[PDB]
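Everything below concerns the one structure shown next.
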Amino acid sequence: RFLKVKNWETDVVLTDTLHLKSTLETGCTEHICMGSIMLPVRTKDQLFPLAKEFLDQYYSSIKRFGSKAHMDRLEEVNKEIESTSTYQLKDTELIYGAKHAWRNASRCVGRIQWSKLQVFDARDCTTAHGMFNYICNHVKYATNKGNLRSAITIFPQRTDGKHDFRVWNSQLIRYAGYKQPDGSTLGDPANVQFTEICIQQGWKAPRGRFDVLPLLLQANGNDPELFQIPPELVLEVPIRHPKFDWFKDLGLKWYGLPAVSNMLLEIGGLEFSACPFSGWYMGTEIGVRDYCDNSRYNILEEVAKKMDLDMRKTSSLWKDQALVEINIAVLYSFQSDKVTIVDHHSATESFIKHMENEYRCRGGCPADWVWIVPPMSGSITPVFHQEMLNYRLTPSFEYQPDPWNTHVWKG
Amino acid sequence: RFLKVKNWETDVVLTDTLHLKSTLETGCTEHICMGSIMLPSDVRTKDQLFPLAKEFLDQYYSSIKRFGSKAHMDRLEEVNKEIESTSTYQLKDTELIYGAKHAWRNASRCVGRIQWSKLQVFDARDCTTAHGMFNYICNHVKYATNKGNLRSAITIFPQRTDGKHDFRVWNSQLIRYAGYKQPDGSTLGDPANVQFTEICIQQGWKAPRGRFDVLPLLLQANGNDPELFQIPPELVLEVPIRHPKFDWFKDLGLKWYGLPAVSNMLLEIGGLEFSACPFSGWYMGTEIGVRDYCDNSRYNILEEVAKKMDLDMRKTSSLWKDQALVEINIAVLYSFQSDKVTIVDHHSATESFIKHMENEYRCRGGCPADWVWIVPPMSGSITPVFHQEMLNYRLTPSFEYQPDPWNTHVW
Ligand code: HEM
Ligand code: HEM
Ligand SMILES: Cc1cc(N)nc2cc(-c3ccc(OCc4ccccn4)c(CN)c3)ccc12
Ligand SMILES: Cc1cc(N)nc2cc(-c3ccc(OCc4ccccn4)c(CN)c3)ccc12
Ligand SMILES: C[C@H](O)[C@H](O)[C@H]1CNc2nc(N)[nH]c(=O)c2N1
Ligand SMILES: C[C@H](O)[C@H](O)[C@H]1CNc2nc(N)[nH]c(=O)c2N1
Ligand SMILES: [Zn+2]
């Protein structure tokens, strides 16, 4: 059963067979589309089919499907599951799985890069201090003095769900947020709740507008522990504008390394609850969302004010005009400091080339239009005009609840 | 099964029950989301028609608070007898107006629906000829235009009978600009209308072969060959496009028309199919300034505008496209406002839609909404609709797509 997607700007039509390999559910039905909904322990009963499916995919990809090595590995995993109730991936399988979870991430526009992921095996880690060390090395490797390198660090898998490894931070590097008694917020409003937890755990907050949060790390189900990333490892970029000299005086900076640390990596039915991964920024993530969301730093006002635009009526498009300038400044600053960044024109064009290649070589590329189209200038990027099919493939990155809502405190 | 939608900027959560009354299908399944597919998809037989009529009359009589009343049961019986007899049935004027207003109310891709109950419905079911169609359409255009104070309207021509006697407006909009492919290979005028512009010429029309030539109407009554008519120019309100800061802007020679009037859709009420039902409102500025002017497959003016602005067009990371895009859309709103022609900017329209959504959830239990179409094609995330989860589902009465008549017409 073939399915076609059309690019309405170029009339290129692509045919998707890969969706037939899709198992998990989308949230949609024949009668409702949940395409804009943000968020729509395993027993050995269901674990071996998940392992077998993954291992068939793995051995197919290495052109050894049905081989003796393939059949012996299936045997070995089968015996390990009934004996021990779980199983361990080989290093080769772990690397394959992590790369393919990125390849399958339908909301990620950066997937042309999926095969160049640096995978750090942290499954021998046992303590929060051990986690801190692995994360420091990840941050140093990925940052590479501004020449950013994609990487993932994979901590031990879930066992009984009572011994999880978790990074309580949503990203490895993020700025604190403080609610003031007068109702205003200092710093990043998105991080107020997590900041409060850190402070309660003993963090001494400097209470500034761009304070790097401490790492809050949980090993083996124990209470989490606070660690401060060495500041020499945290690369930051002061934001200035190439024509507007007053822009630097707004006091803005951002960190160079985007490293998401709250998602769950699923490979062959195994669940890796701590698996921070990092690449590099698309400019709009900072310039549109981080700076200009009303619920974030929300700087459209001051920027438009210092630009002296007509702010009395929205039909002057003063918001749109300040938005472009802020995003110019983000890109200019990162390029000037030689820190890797990509603009949304380049990134969406690369994605279209990636997508067509995946249709040719793989039979499809699952893609979430709602997330792939950039949050400014949508229709002047090529993905806007591109029809896309969204479906769930494994290996995958999944959401998981924030640990402070489920953790059982040891005290 | 009583679904919730969250606004992530305001944490406002609405509960949707209206979707459980959904009739038709979305194109999605639990295995695949087709939310970004443009078109996800002979007469009604005697059996299919009556349930459709019953469902519609049930909701009509509920709306006037006469569900289960004398008049309700009598109308149910009356239509029931007429279908058994004539194999179709005729709507009363009151039901026709209700059906048209609720087709708009149910149009999940329309951001302008806060206005849905203030629709002027012109009953043209007594029409028999293309000359008569032309007359009704001129009256529509003049009424809707209202010397620049635009008024929403629909004109409804006779309903499909056996599919051989169809009324159709061959134009996609009542007012659109011609498109000609040039000798050197480029395109003069509107490329989206090149095929239609040539059906008009290859049928009788003689073209000024300019850049903004108003197309003639191609009107089909009762299944006959369509006929060409020129709309009186005094009835076509146009706006010369200038910029409030850039005096060279007028030298680009751009204009657009004031009246957006879609004429190629099919209106479904109680199973009856109205294949000719042109409807009109007023423009959101981005429809002209982002899509009509800046799509690469349309007038595609971004290069020339940025050149006159002397922006650095050598790299995409200068965001020269984004900067020009904003200025172009500033000029469109400025020109319409200057000439006192109704227009709405994308900030005002999306704020109105959020208010409408709240109204519909409160008074009706929900509002079907297609995020992919509701979010404007520029500055997406600084409009409130970007952060609003939406549920998309199909309610009837409805506007539907239908094939272009030249691919169908028994010529
Ligand atoms: C290399 C450059 C990369 C770029 C430019 C990039 C870009 C993006 C962007 C812009 C988003 C949308 C997020 C948002 O708007 O908040 C996203 C989502 C995502 N990225 Fe990438 N990314 C990159 C690398 C990676 C890597 C290395 C991984 C994992 C190994 C990854 C996994 C994901 C996932 C799983 C999502 C979706 C999260 C969800 O489902 O909600 N990305 N990416
Ligand atoms: C009064 C001001 C109105 C505004 C500002 C408005 C705005 C819009 C916009 C921006 C779109 C997206 C279409 C595109 O991007 O090409 C749209 C779609 C649509 N509008 Fe409205 N509209 C208005 C009135 C109306 C009226 C009066 C009707 C019918 C009586 C209507 C029915 C529709 C339909 C049926 C669609 C698309 C449905 C589809 O493609 O499936 N609109 N509208
Ligand atoms: C490796 C990499 C590079 C790069 N440039 N960007 C990346 C963005 C993400 C990513 C994913 C999901 C997100 O969603 C938050 C949410 C979801 C649901 C509900 C509420 N909030 C966010 C927002 N922080 C970011 C992940 C990795 C990235
Ligand atoms: C009343 C009113 C006012 C207003 N301001 N804008 C309106 C826009 C539309 C409307 C809907 C669907 C469309 O379809 C795109 C398409 C789909 C599939 C294939 C090709 N193209 C188009 C463009 N043709 C326009 C309808 C009514 C409007
Ligand atoms: C409600 C809506 O789904 C939500 O705001 C989404 C829209 N698209 C997005 N797209 C990206 N890339 N990132 C986001 O956070 C969101 N948020
Ligand atoms: C491929 C994609 O579905 C297509 O480009 C859609 C996307 N969103 C849109 N949104 C609106 N309002 N109008 C459109 O024509 C489109 N086109
Ligand atoms: Zn869907």
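Hydrogens, waters and symmetry mates play no part in the numbers below; they use all other heavy atoms, side chains included. Below, chains carry the letters A, B, ... as their sequence lines are ordered, and counting in each starts from 1.
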- Message: Counting heavy-atom pairs closer than 4.5 Å to chain A, which one of B/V326, B/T26, B/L20 comes out on top?
- Response: B/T26
- Item | A/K306 and A/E301 ion-paired at < 4.0 Å | no
- Selection from B/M34, B/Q388, B/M390 maximising heavy-atom pairs under 4.5 Å formed with chain A: B/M390
- Quick one: do A/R392 and A/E398 make a salt bridge, cutoff under 4.0 Å? yes
- Counting heavy-atom pairs under 4.5 angstrom with chain A, the leader among B/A369, B/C28, B/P384, B/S297 is B/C28
- Message: For the interface with chain B, which of A/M376, A/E387, A/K6 has the highest count of heavy-atom pairs at distances below 4.5 Å?
- Response: A/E387
- Message: For chain A, which candidate among B/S317, B/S318, B/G380, B/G285 shows the most heavy-atom pairs at distances under 4.5 Å?
- Response: B/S317
- Test: A/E285 and A/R289 ion pair at under 4.0 Å: no
- Message: I'd like to verify something: which residue of B/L325, B/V344, B/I382 has the highest number of heavy-atom pairs under 4.5 Å with chain A?
- Response: B/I382
- Query: If you count heavy-atom pairs under 4.5 Å between each of B/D295, B/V5, B/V290 and chain A, which one has the most?
  - Reply: B/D295
- Query: Quick one: what part of B/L39 sits under 4.5 Å from any heavy atom of chain A, side chain, backbone, both or neither?
  - Reply: both
- Hey, which of A/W8, A/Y332, A/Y391 has the most heavy atom pairs under 4.5 Å with chain B? A/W8
- Message: Under a 4.5 Å cutoff for heavy-atom pairs, which residue among A/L317, A/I328, A/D320, A/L331 has the most contacts with chain B?
- Response: A/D320
- Item | Which portion of B/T23 sits near chain A, non-hydrogen atoms under 4.5 angstrom | backbone
- Message: For B/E327 and B/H243, which I'm curious about, is there any donor-acceptor pair between the side chains at under 3.5 Å?
- Response: yes
- Which answer fits A/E349, side chain, backbone, both or neither, if we ask what part of it has an atom under 4.5 Å from a heavy atom of chain B? neither
- Message: Quick check on A/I341 against chain B: is it the side chain, the backbone, both or neither that has a heavy atom closer than 4.5 Å?
- Response: neither
- Note on the structure: dist A/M282:CE -> A/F351:CZ (nearest 0.5 Å) comes out at 11.0 Å
- Item | Charged N-O contact under 4.0 Å between A/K319 and B/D345 | no
- Nearest heavy-atom contact between A/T381 and A/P374 is OG1-CD, 3.7 Å
- Item | Part of A/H19 within contact of chain B (heavy atom distance under 4.5 Å) | side chain
- Query: Between A/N390 and A/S106, does any side-chain donor sit less than 3.5 Å from a side-chain acceptor?
  - Reply: yes
- Examine whether an atom of B/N329 lies under 4.5 Å from a heavy atom of chain A, and if so say whether it belongs to the side chain, the backbone or both; otherwise answer neither. both
- Looking at B/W256 versus B/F336, is the centre-to-centre ring distance below 6.0 Å? no
- Task: Given side chain to side chain contact (heavy atoms under 4.5 Å, CB included), test B/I37 with A/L389 step by step and report yes or no.
- Result: CA-CA 8 Å; B/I37 308 302; A/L389 292 175; 4.2 Å; yes
- Message: Under 4.0 Å between a side-chain nitrogen and a carboxylate oxygen: does that hold for B/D16 and B/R1?
- Response: no
- Task: Side chain from CB out, backbone as N, CA, C, O: work out which of these in A/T284 comes under 4.5 Å of a heavy atom of chain B, or both, or neither.
- Result: neither
- Message: Heavy-atom pairs under 4.5 Å with chain B - which of A/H345, A/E9, A/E30 has more of them than the others?
- Response: A/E30
- If only atom types and distance count, is the side chain of A/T394 paired as donor or acceptor with the main-chain N or O of A/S396 below 3.5 Å? no
- Message: Can you tell me which of A/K313, A/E25, A/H31 forms the most heavy-atom pairs within a distance under 4.5 Å of chain B?
- Response: A/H31
- Item | Interface residue of largest heavy-atom contact number with chain B, from A/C33, A/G35, A/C292, under 4.5 Å | A/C33
